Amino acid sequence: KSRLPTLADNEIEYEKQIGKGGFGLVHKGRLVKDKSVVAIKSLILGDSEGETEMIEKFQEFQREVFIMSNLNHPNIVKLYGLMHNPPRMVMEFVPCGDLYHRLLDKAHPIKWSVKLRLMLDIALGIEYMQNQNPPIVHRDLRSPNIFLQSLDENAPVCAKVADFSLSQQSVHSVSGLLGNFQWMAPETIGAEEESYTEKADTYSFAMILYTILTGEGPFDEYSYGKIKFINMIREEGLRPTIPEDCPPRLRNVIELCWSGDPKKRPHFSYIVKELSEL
């Protein structure tokens, strides 16, 4: 973790509450120095919460700080600095919501050229993450965690990776169960203490590729009980059906990225190269 700048209450102008996070509130603001629109994420552990949930909220907030302090890439949501009383993160405001809510608008499909811009922007973000020393394992890559800067095909940045808790950056492999099984690698969801790497994010990216391509949620075509669903993904190689009209080069990238064997999941230099050829 590198140096993180501190900003006093004098250096920001609160505008409105824009959302509600896992550990507190989210506000829209302005940086008084250069008039930059910002998102302020506060850490509020109310005395209504229990012991185990309160410590999970603090460690969640701090991991996001520790990981984001080293990050500097146009396709990753940027940390401007920290605030105290209450502990707050000052983030760059990303004006066009998230990928999840945009894809729900079935009446207005994202055109093919912008879809490609989104795919590449996210891949570049994750490529940068996996090129870190040690590599960053997001552990929560899904359409709600992809923020949209612009839907214009000619924009400098269209998509940005966001929400870096539950994220890890270690010289040794990580472990732990992950909840959202429709987005997460088989080696992460099998109700055990299994070891995995950044290749779990490569699996998640394949689901992101599917959701952009189709506009649909991964695994929504199937309906199983939780235990059965996990077993099908793990042991039976259950995957979302790629439509017949998908470009052969994209289909290969998706298929390879959601391989049951994590070693067969490609390096992102290959992923970026292949996507750019679309």
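Heads up: residue numbers just count along the shown sequence, starting at 1.
Mean CA temperature factor is higher for 157-165 when stretches 202-210 and 157-165 are set side by side in the entry. Looking at 47-55 and 64-72 together, the entry lists the larger mean B-factor for 47-55, computed on C-alpha atoms. As recorded in the PDB entry, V174 shows the highest C-alpha B-factor of the residues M184, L99, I122, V174.
Per-chain ranking of the deposited C-alpha B factor places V272 in the lowest third.
Ranked by Cα temperature factor within the chain, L31 sits in the highest third according to the deposited record.
The deposited CA B-factor of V37 belongs to the highest third of values across its chain. The deposited CA B-factor of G179 belongs to the highest third of values across its chain. Ranked by C-alpha B-factor against the other modelled residues of its chain, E127 falls in the lowest third.
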